[PDB]
Each structure stands twice: as C-alpha cells, then as structure tokens.
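Examination of the molecular architecture
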Amino acid sequence: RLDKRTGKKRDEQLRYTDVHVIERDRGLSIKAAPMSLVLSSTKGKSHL
Amino acid sequence: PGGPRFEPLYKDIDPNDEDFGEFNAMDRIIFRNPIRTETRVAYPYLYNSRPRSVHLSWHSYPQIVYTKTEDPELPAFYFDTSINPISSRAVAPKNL
Amino acid sequence: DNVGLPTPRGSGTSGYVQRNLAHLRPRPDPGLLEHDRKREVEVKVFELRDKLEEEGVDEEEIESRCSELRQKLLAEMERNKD
Amino acid sequence: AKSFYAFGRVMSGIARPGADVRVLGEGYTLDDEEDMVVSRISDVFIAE
Amino acid sequence: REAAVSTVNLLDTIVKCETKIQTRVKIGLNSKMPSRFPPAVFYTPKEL
Amino acid sequence: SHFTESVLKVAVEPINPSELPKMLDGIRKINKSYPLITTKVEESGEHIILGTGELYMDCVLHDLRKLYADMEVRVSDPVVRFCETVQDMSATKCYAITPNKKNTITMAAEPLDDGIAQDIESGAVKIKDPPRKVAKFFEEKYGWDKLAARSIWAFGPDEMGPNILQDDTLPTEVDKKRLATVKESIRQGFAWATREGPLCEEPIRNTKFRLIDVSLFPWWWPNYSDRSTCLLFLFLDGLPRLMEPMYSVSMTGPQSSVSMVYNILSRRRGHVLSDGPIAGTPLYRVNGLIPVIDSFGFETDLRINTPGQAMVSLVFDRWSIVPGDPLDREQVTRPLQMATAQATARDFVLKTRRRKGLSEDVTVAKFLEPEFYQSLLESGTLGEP
Amino acid sequence: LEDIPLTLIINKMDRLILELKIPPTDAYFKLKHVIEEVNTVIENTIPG
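Each partner contributes residues to the interface: chain B has 17 residues there, and chain G has 18 residues. Carbon and sulfur atoms make up 61% of the surface buried where chain B meets chain G, a total of about 1600 Å² over both sides. Area buried by chain B at its contact with chain G is led by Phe77, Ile86 and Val91 of chain B, which between them contribute 33% of it. Put simply, chain B and chain G have one salt bridge between them. Viewed at the interface, chain G and chain B are joined by six residue pairs in polar contact. The residue inventory of the side of chain B that touches chain G, partitioned by class, reads 12 nonpolar, four polar and one charged.

Moving on, we come to the sheet that holds strand 7 (residues 94–97) of chain F. Residue and element names in this part refer to chain F. Ordered by their spatial adjacency, five strands build an open sheet running 7-8-11-10-9, and the pairing between neighbours is mixed. Two strands close off the open sheet at either side, each with one partner strand: strand 7 and strand 9 (152–156). Averaged over all pairs of adjacent strands, the angle between their axes in this sheet comes to 25 degrees, without regard to strand direction. In this structure, strand 10 (residues 163–167) lies alongside strand 11 (residues 207–216), joined through five bridges in parallel fashion. Across the sheet, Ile164 pairs through a bridge with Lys208, a residue of strand 11.

On to the interface of chain B and chain F, then. If you look at the interface, chain B gives 35 residues, while chain F gives 58 residues. For the pair chain B and chain F, the summed buried surface comes to about 4200 Å²; carbon and sulfur atoms form 55% of the total. Here chain B and chain F share five salt bridges between them. Two residues, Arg50 of chain B and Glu72 of chain F, come together in a salt bridge whose shortest N-O distance is 2.5 Å. Inspection of the chain B/chain F interface yields 14 residue pairs in polar contact.

Time to look at the pattern of salt bridges. Scanning the model with the defined rule gives 33 salt bridges over all chains in all. In this structure, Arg28 of chain B engages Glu22 of chain B in a salt bridge whose closest nitrogen and oxygen atoms are separated by 4.0 Å. Assessed through its relative accessible area of 46%, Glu22 of chain B is described here as partly exposed. Residues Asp175 of chain F and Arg178 of chain F are paired through a salt bridge, measuring 2.8 Å at the closest nitrogen-oxygen approach.

Attention shifts here to the environment of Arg132 of chain F. Structurally, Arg132 of chain F is set in helix 4 (residues 131–141). As a C-alpha pair, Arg132 of chain F and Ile304 of chain F span 172 residues in sequence and 57 Å in three-dimensional space.

Let us look at the side chain of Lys356 of chain F. Residues and elements named next belong to chain F. With respect to the element layout, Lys356 can be found in the loop between helix 10 (344–355) and helix 11 (370–379). Exposure remark for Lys356: the relative accessible area of 9% places this residue in the buried category. Within the local environment of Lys356, its side chain forms a polar contact with the side chain of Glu42, the two groups lying 2.5 Å apart. Ignoring anything within four residues of it in the chain, the contact list for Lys356 reads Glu42, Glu43, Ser44, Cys200 and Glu201.

Bringing the nonpolar core into the picture now. Residues and elements named next belong to chain F. Ranked by internal contacts, the top residues of the largest apolar core, which has 93 residues, are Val12 and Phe298. In terms of residues, this core owes the most to one element, helix 7 (residues 225–237), which gives seven residues. The residues contacting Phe298, other than those within four sequence positions of it, are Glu54, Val249, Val261, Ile264, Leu265, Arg268, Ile290, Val312 and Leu314. Core analysis: the second largest hydrophobic core is formed by 13 residues, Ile116, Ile120, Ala135 and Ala148 among them.

Rules of the game
Residues numbered from 1 in each chain as written, not as in the entry; some residues may be left out. Chains lettered and ligands numbered in written order. Part of a larger assembly, values for the part shown. Heavy atoms only, no water. Residues with missing side-chain atoms left out of burial classes, pairs and counts. Contact = heavy atoms within 4.5 Å. Buried area = accessible area lost by both parts, 1.4 Å probe. Salt bridge = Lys/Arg side-chain N within 4 Å of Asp/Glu carboxyl O. Polar contact = N/O pair within 3.5 Å; in protein donor to acceptor, adjacent residues only side chain to side chain. Nonpolar A, V, L, I, M, F, W, Y, C, P; charged D, E, K, R; others polar. Pairing = 2+ DSSP bridges. Helix = DSSP H or I, 4+ residues; strand = E, 2+ residues; numbered from the N terminus. Axes fitted to C-alpha atoms, helices over the stretch in contact; angles between N-to-C directions. Buried < 20%, exposed > 50% of the residue type's maximum accessible area, 1.4 Å probe, protein only. Core = buried A, V, L, I, M, F, W, Y, C linked by side-chain atoms within 4.5 Å.

Structure follows, in structure tokens:
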C-alpha cells in the first residue's frame, strides 16, 4: 500500500502509531500508543 | 506579515452586542507583552474563542545541520570549520 | 496587531495600516527571646537525655536528671535575666 | 470518542469479555467502600 | 466642526461618499480607471 | 506521580449557555484523556483548566471543542497560577478562641530554608515514617533541634505537602492527650488552610508553624473555623510574598539565534543561565529562565524573529518570588498597561482576587477576633485600613 | 529514579554520514560524546 502512493505523500513518513488528528496534522506524537508484535532474535526464536 | 488577505470568513461578531457582563472584564485579566497575530495562528485553539474551520499547521521539523561546501577541492567527508570541535575532555568519563 | 478594515473592498480607501508614530510611548517581641531561651534549655535537656540513653542509664535516672537540669536551667534563666 | 477504552497491564489472572469485575479508584481502601464501582468487562482487545 | 473630526464613523462615511461622487463622474465618462483620473481633474478650482 | 506541574491556567466558559451541561460532560472526557490536566470550578462560576504549556492546552481545547463537547467554547487568555510564601519570622504570637470560649490556641510562623520543599516534594521525608527516622533525617541533613525534629506534627496540605506544622509547647503547661486530640484537629484544619490560603485562595508553600505554650485545651471540639481563621491570619502576618512558576528555556540553534534569544529573554523578564556550543555540530544551546506568565507566545516570537532557525523547549523549572509587595495598598497601576517592576505583585494579587470572584484588598478584621483586632491595631503591628 | 532498567538507542546515523559529513573517526568521537552525556546525567541523577 505504501508503494502505491504518489505525489508528496510518496515522501510521507508512515507514522503508524500517530493516529490522533492532532498527531497527523501537527506532525508529533501526543498520546502514548501501545502495540504488540512478534519479533525474532538472532537465534531464530520469536518473542512477543 | 507577507501573507495574503481574504474576506472575513465569519463576519457575524461585533464587540458591542456582547456587553461587559461577567467574563470579558478588562479589570480582571492580567496584561503582559502583547500577543501578536502569529501566536494566534500558531496555536489557534488556545488564543481564539471561536476558532472555526482552522487548520493545524505542522509544529516543527528536526533542524538540518547541512552546510554546502564552497571549496571544490575538499573531500566529501571532512571536519568543516563551522562545526564545533570535540575534545577528549569533552568526553571525560567522570566515574569509571 | 489587528486594527481596522476587515476587508478594504467596500470603502474607497485601500487601507494600509500604520503605527501612528506620533503616539506617545509610556514614560521586636521579648516573648520570642523567652521562647528561644526555653528552646535552648529544652535542647540541652534533650541532649542530656540522649547522652544518658546512649550510655545505658535507666529511664527513672534519666527523668530525674532531666528534672534536675530543667530546675538548673530555670535557676540560670532567673539569675541571668539581666 | 463517545466512550473510552481502558489500557492497562494484566498483573494477574486472565481478562475475558463479559466478566463481572470491581473497579477500584484512585483512593480505595479496605474501610472506604465508596471508591469502587461494580461493572462488566464487555470487550477485550490487544491494542495495535 | 470639532465632532466631525473626532468621530471616526463620520470620516469613513465622508470618504465613501466622496468616492461615490467621483465614481459617478467616472461612470459618466465611460470608465472607472484610477490612472485616468488624477486629483487635478476633480480638485482643480472651477476657473481653470 | 508526574514530573512537572500544570502551571498554565485557562478559564473556559460556553458561548451558548444552554449547552453548559454538555460542556461539563466534555470536560469530564478531557479529564479522562489527559493525565496531568486539572479541571476545577470556583465560586465565581467560570471553569478552570490547568495544563502544562501552550501546545498542551491547544490540543486539550481542540479536543474539548471537536472531540467531546461538539460545541463552541469561549476561552480566556492563558494565565498562570501562583503560590504564596513567607519571607520573615512572625512578629506577633497570635491566638484563636472558640465561639464557646473554651479552647485558646497561640502560635507563631516562620519561613523555611532551601531544600526542604524540594525534599518533601521528592519524598525524602514521609509523615507515615517512624518519627525517629524523621528526627535523625533532620539532624543529619539540616542540623535542626532534636526537640523540634521530634515534634514536627504534619506536612500540608497533603502527605507530600510543602508546609510544616510543629508544636513548641512544653508538656508542663499542656495536657498531652488533649493535645493529641486537638493535634488531629489542627492537622486537618492546617491541611485545609494551606489548601486554601488567605492571600489569593491559592495553595501555599515554604512555611512552618510552631504552637507556643499557655494554650489551653478543654474537652470536645465540633468547630473548625476559628483555627483556620488564625492560621490564615498568621499567613497574612508573616510578611508574605507570592511566587510564580518559572520555565527553563532550552534553545538550540546557531549563534545569530543566540544573540536574538539574549535580546528576547532580556525583554521578557528572563535571563540566560548558560550559553555553549553543542560539540560536533554547528548548533548552539542556550539555557535560561523565564516566568510562565511571560512565556506566552515566547516560542513563536523566537522562531519567527531569527535569521536562522531556532528551536525552543519550555519545561517547568521552579517557583520564584515575584518582584513587588502584594500588601502595598499605595501602588496602583493603570489599565491598558503592563505591570512595572514594583507593581507586579500588587497587580497579580489584585487581578487574581478579582478573577476568582472574591472581595477587594484583604480586610484585617475578617480574620481576627474584634478585641484582638483592636489590640493589634493599638500595638502598631497593622497598617491603616 | 524509579529504577526501571534503561537501554540506549543512538539514532539517525545518516546525519553523521550525510548531514555533518564528518570523517569516521569524528563519527566515533560524536558517538562517544552522546554516550558519555547520557551516562553523565545518569550519574548525576544518583551519585555513586
């Protein structure tokens, strides 16, 4: 979806955890945004 | 300063219809250095009682610390004269 | 700041604003000493009590020594008032 | 923005939707019972 | 006299009405073109 | 526990009064979403929102208008909230008498030294801790009196509170069990009084109270107004000043911006602590102080008025004494005009008492027994009414 | 002060390479300067 963007939005940083309209318009984070992910160590073991 | 001027978006407020009832007392608010118009534009929901259909501008960007090379013989990587030096005592691990 | 003419379109003025550069810029209590003396006497009594407690003296002996020190401090205050 | 989601850390137990629970406020104590509200966890989400 | 000078609304009205008079003359000629009309057209004494 | 205090105050009110309840519900939602915010209502009817800075209150007021209340809100000019303080020790040891004329309480007041308020804010001393630990803490740190370090009753207005209550009374003249019952009573009354404060109905700091002897304590007490009245009067009688919060300006940009920030901070009742290069970069950092009440539009006026580009971070730093005498009835300012050097405290206290719907300048007879008021008038410790 | 375990993430190394354009040894000196500044304020938070 990001590779389909054109114009000046092609240069936009994604900013997944900026979701308040204040955060999208002012360009800075104002709320602590939590996520949960599965990330792999160098031994191949996945961690939450 | 340097910006365009348009028609008033909402020309439906006059200072005289709202009498000095209870809240607009000038003998109540404390006066300091005056608020210029750029302050109202920069933070529109704090300095305006009716900020209708205003757009939030991008707050700030991280500063570009780039300086063009006026000497077309220097290497691409060098310590520029405008860059402040770093000392060994500018590192100085105090408690090790 | 924001003075005059929300839009210049109506009035045949073409209304540049100006600062109007002709505008004129603005141009003892003796009771306190008695309480301090009583606090000093009580501090001496508390120091004596702490010294007695650190030395392992009895509580009744410490109380008797504190009463004697309070009487001595009262006598000294009555004698050295002037 | 009509309601609010409560984000927190499960310190113990397992949180399930439709669970009859007690909410303890900022200053609940064992003698002051008034600073507590019975409620139900209706929905449980992982915040992304 | 004095009160005309002190009153701001009166000065605004005077400027607009003088503008309307000059505009009536301009529309009489054919055109409302400002460079075509110096102040010497209007404010010259009638002898000249 | 948070880092900095909500020092910025904005009075909010509705444009259309019919949607006054709706606004309140929106305010409640605001109270959920922003942790450090502080909403309150005064007796003047206007609502007060306390937040950290310009951007914090800007986002809060956007969310109040757009997310939650969905209605237009009149917003007053951003003003600061003050505290009060004591400069010198008490000249008059003053007393309170009950309406039933049973209990009489005499005491005096004093300021503090440096570091006590920051330590009691930072949790160095707890009142739930055993008194031996508190006593040895005050003996090891500040070299206090051993009796005084063992007689500190309370901190106010809360457990971490920056005001100290302590008895200097001897056991020979005061019955100790009645002293314990009235000790609980004076603790809660003193907490209420330091929560309120007489100078502006604002919470007070850097003050200690010592109960003096000859005070008698007969049985039972269902009243609280007399002790609070005398606590407020000694707050007034301890030669009080008021203190304003100060931000610590941190600017990052090249040297032309450094000259500009020196000029602006000179103009805005501020000063520059340190100026220095950032090593390895052409940027320069300027650290200084500004009052919060003088920081409105400061960041905009710096970012606009520089040749280069400068960035500012304004964080809450400290509390500091305002210039001027708040009790100076002589110094009267003019409207449409900024406060001068000596009129600043008087202007702040006057417009603060006006803003909260209070009375005019402080009446001495409001906070005294009439016989004691006449006696203190005859003694010469009070000015002309 | 809360004794939460702390780890450091030096960010934006492209600014070392492409903005500042300092030689690699000066990049090491800049990295060590940032790390010692972090450790200096850690030491000044709790002495010893």
